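Chains as they are written, first to last, in PDB author numbering: chain A, 1 to 116; chain B, 2 to 148; chain C, 987 to 1035; chain D, 47 to 130; chain E, 497 to 643. Everything on this sheet refers to the single structure shown next.
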Amino acid sequence: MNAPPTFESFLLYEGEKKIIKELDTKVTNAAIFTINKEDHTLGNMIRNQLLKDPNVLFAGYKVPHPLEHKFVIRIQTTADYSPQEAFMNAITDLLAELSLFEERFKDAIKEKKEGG
Amino acid sequence: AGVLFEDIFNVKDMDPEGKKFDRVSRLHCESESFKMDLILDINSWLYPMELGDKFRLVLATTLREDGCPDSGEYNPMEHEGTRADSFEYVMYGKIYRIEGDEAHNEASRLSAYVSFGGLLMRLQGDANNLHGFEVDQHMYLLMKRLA
Amino acid sequence: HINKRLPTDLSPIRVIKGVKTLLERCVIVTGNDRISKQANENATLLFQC
Amino acid sequence: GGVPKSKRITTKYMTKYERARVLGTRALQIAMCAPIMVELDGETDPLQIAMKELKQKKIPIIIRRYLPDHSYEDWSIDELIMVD
Amino acid sequence: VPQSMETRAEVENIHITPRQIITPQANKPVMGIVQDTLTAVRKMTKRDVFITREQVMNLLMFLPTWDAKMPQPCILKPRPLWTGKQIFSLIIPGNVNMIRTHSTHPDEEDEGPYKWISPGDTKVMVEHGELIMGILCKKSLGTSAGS
């Protein structure tokens, strides 16, 4: 009787922004990005692409509640590079890497089907 | 600059009562120049040792070669180009207690206890060779195996 | 950051004055009466010890 | 039985049983649109206003402490000292 | 549900949980760290637990009282590694100093020469609000007095 709808795990509501940016005040050049209606997949991708960058000093995702489809990433960089630009370069490198994955998988399926 | 202790050590005992931790080795060591005695806790899997080995050890207050203190915070930039490049085992911790003369004993015998997050250091011997050691002072350990 | 291997600057007379001021200022039963004072050192005897 | 101010033998430290009722009564008074003695920093829950004007001890509440011999002592807010 | 907000103020000032931590029955806490949380506290303070930068990085955001100042690692070369006591040190706030013992502490260890350096990591020491020495258990993080 209190069961939530099953489509709320991936659909934003009315007037709900997907990405909310909050400026951290404890240290400098730090920000928190809040993303709704998703899970550990995208946050893990953003984080493990950000961790290869030497320019970042802090990149971390956290899901505050399993029942609330929402996760936050705290990113702090050095004083020559924006955290938002770091996240942009992270998703660009992720898109390039899995585009390479898509084309190598397509070539693998083509050679496996043609080789018999 | 800042090198409070500096000695070569030889290992003489390996787990005198048995190995209780999978990744921690406890070693008993004695020096050659200044007659010190040392009880060592190290990572076993990261940096394995055996009995009878020799290692060069430097106990300093900072990794800066000019003697200036560090910022106290970890960054993944300042670990090369310093005194830590000539050593393969770089620990950072703090002394929690100093035993020996206390108040009512002679100062010919002294001991220092250092905690690296759970790893334990006991450095005991002469008090004049243990100058500069005080309670709640941050400390750097530099260690290199020798042939 | 008290060093236990360095000489201090605390005189014992100041320590005794501080203990006496502590025991005078730590009251439970108030009043200048004899019954009030007797109850004051009866309530705080273990604390004073 | 009005006890004089120099004759008051009760404690000078306000305990939490007085604190809860004075905070609730003052926040209820603010909730019926009383004037607020101190400056407002955007707080909308009047219980928070009740604390942040209890800090400067500017709350017009007289506490009538009842002694067991049916005598009463009146203690003001600023005469009592905050402790937590 | 309180239907008057002065009763809500009474709930805030009296009936709230952190104001009712210590029982007046036996001057002890009534809530404590239990079950697999306590089991992983026991398994996490062990000396052989060497934990990477990525895992303590994962554990960092679940501390909302953190001051955004990460500690320097216990191991600096060749790989930056933390330990369990270093990251439990961030959880403990303020000035906390504490002496107890583990439930598997031998009685002959206290009068021996290893009473301040334990091979078994049994005596539990907390200094200046950061965890230094010992493995935690029901005696240190439970409902017992002096915890």
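We put the beta carbon where it would ideally sit given N, CA and C, even for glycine.
Apart from the 5 residues on each side of it in sequence, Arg110/B sits with its Cβ closer than 6 Å to the Cβ of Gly101 in its chain, given in chain order.
Residue environment for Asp995/C: exposed (fewer than 16 other C-beta atoms within 10 angstroms of its C-beta). Separation of the CB atoms of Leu637/E and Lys581/E is rounded to 13 Å, and the pair is thereby denied contact status at 8 Å.
In terms of Cβ geometry, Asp544/E and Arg123/B do not form a close pair [threshold 8 Å]. Taking 8 Å as the upper bound for CB-CB distance, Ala61/B and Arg84/B are in contact here, some 7 Å apart. One finds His80, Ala85, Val91, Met92, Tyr93 in chain B with Cβ atoms closer than 8 Å to the Cβ of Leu572/E, taken in chain order. Following the DSSP letters along the chain, one finds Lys113/A inside the alpha helix (DSSP H) bounded by residues 83–115. A residue is called buried once 16 or more other Cβ atoms fall within 10 Å of its Cβ, and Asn44/B is buried on that count. The beta-carbon of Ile510/E is placed less than 8 Å from the nearest beta-carbon of chain D. In the structure shown, the three-state DSSP call for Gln516/E is helix. With a cut-off of 8 Å on Cβ pairs, the region 78–91 of chain D is not in contact with the region 47–62 of chain D, counting fewer than three such pairs. Counting C-beta atoms within 10 angstroms of its own C-beta, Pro560/E has fewer than 16 neighbours from the protein chains shown and is therefore classed as exposed. Our two residues, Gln499/E and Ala505/E, have alpha carbons roughly 11 Å apart in a direct line.
Rounded to whole angstroms, the gap between the alpha carbons of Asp8/B and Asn129/B is 15 Å. Look at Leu58/B here: in three-state DSSP terms it is strand.
The continuous beta strand (DSSP E) containing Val622/E extends over residues 619–623. Within the model, the alpha-carbon separation for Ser614/E versus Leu42/A is close to 45 Å.
Shown here for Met128/D: same chain residues with a beta carbon closer than 8 Å to its own, the five before and five after excluded, namely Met60, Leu100, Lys101, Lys103 in chain order. When only Cα atoms are considered, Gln516/E and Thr533/E end up about 22 Å apart.
Between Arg98/B and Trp612/E, the C-beta gap is smaller than 8 Å, which places the two residues in contact.
At a cut-off of 8 Å between beta-carbon atoms, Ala66/D makes contact with chain E. A distance below 8 Å between beta-carbons, with the five flanking residues on each side excluded, links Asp563/E to no residue of its chain. In the DSSP assignment, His29/B falls within the beta strand (DSSP E) that extends over 25–32. When Cβ-Cβ separations below 8 Å define contact, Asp137/B makes contact with chain C.
Near chain A, meaning a CB-to-CB distance below 8 Å, the residues of the region 548–564 of chain E are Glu550, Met553, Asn554, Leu556, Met557, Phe558, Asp563, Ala564.
Inter-residue distance for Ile105/D and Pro64/A is about 40 Å (C-alpha atoms, whole angstroms). Within chain E, the residues placing a beta-carbon under 9 Å from that of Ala77/D are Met501, ordered along the chain. Residue contact check for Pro602/E against chain B: no CB pair falls below 8 Å. Judged by pairs of C-beta atoms under 8 Å, the region 513–532 of chain E does not touch the region 12–28 of chain A, as fewer than three such pairs exist. The beta carbon of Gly590/E lies closer than 6 Å to those of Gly625 in the same chain, with the five residues before and after it left out.
For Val63/A, the secondary structure class from DSSP, reduced to helix, strand or coil, is coil. As computed with DSSP, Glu7/B is found in a beta bridge with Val59/B. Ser116/B has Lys95/B, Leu121/B as its beta-bridge partners, per DSSP. Along the region 101–114 of chain A, none of the residues has a CB nearer than 9 Å to a CB of chain E. Check the Cα spacing between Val537/E and each of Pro567/E, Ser585/E, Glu508/E: the tightest is with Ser585/E.
Where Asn1028/C is concerned, the enclosing alpha helix (DSSP H) starts and stops at 1020–1029.
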